[PDB]
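All remarks here apply to the structure that follows.
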Amino acid sequence: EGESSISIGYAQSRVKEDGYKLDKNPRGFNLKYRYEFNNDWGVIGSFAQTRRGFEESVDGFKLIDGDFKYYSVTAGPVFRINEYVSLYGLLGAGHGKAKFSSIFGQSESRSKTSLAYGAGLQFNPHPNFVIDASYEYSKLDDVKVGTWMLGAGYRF
């Protein structure tokens, strides 16, 4: 196969809420995979996932929590700008999953569909050091979602 690069970073999605957490930022991880690095052209895929997890505390306002997970996947073309920098765009869709805890002969689950788009760039200050910066945003009529990713990887 062609040359591939592995990069990892932290992923957080800012969401509007009544007062959950301070920055309303959930904890998640983003794994990036690049196929056909070549030089003239290439492609890049972005994967991210997160889950609510706040320590129990008595505020009197209860905790929304929700015990749910959010997944999103995007992909797009990559074009080198100079001799060590490239610009690429991410396009796809975001999905959310939720499960209710109860005892029944069957289980119940619901899914949601949202648009996913964003942009990212690759910067290599050193041959063996690459910094990846990508972000994603979903457009909902009532819910506004802001997501950013920060990490680094190595070229293989």
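Ideal geometry is used to build each Cβ from the backbone, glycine not excepted, and the neighbour counts take in all protein chains shown. FYI, it's all coordinate maths here, none of it is from the lab.
Which residue fluctuates the most in the chain, going by a Gaussian network model with Cα springs under 10 Å, if the choices are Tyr88, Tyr117, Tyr35?
Comparing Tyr88, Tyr117, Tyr35 in a Gaussian network model of the chain, the most mobile one is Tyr35.
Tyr35 to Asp141: extension gain in nm, 0.36 nm per residue of separation minus the Cα-Cα distance?
Gain in length upon complete extension: 34.7 nm.
With a bin width of 10 angstrom, please list the P(r) values of the chain as percents of all Cα-Cα pairs, from the 0 bin to the one holding the largest distance.
Bin by bin from 0 Å, the calculated values are 10, 35, 28, 18, 8, 2, 0.
Separation between the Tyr71 and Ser114 pseudo-spin-labels, each 7 Å from Cα along Cα→Cβ, expressed in nm?
A separation of 1.6 nm, rounded to one decimal place.
If one computes P(r) from the Cα atoms of region 1-79, what percent of pairs lie at distances over 22 Å?
Values: 1301 of 3081 pairs.
Of the Cα pairs, 42 percent sit more than 22 Å apart.
Can you tell me the length gained on complete extension of the stretch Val43 to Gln106, counting 0.36 nm per residue apart and subtracting the Cα distance?
Details: separation 63, 0.36 × 63 = 22.68 nm, distance 4.18 nm.
Between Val43 and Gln106, full extension yields 18.5 nm more.
Between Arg27 and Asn128, what's the calculated FRET efficiency when r is the beta-carbon distance and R0 is 30 Å? Round to 0.05.
Working: r = 29 Å, r/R0 = 0.97.
For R0 = 30 Å, the calculated efficiency reads 0.55.
Enumerate the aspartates and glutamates that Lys144 could reach by cross-link, defined here as Cα to Cα under 20 Å, with residues fewer than 8 away along the same chain left out.
Hits, sequence-local ones excluded: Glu17, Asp18, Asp23, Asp65, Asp67, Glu136.
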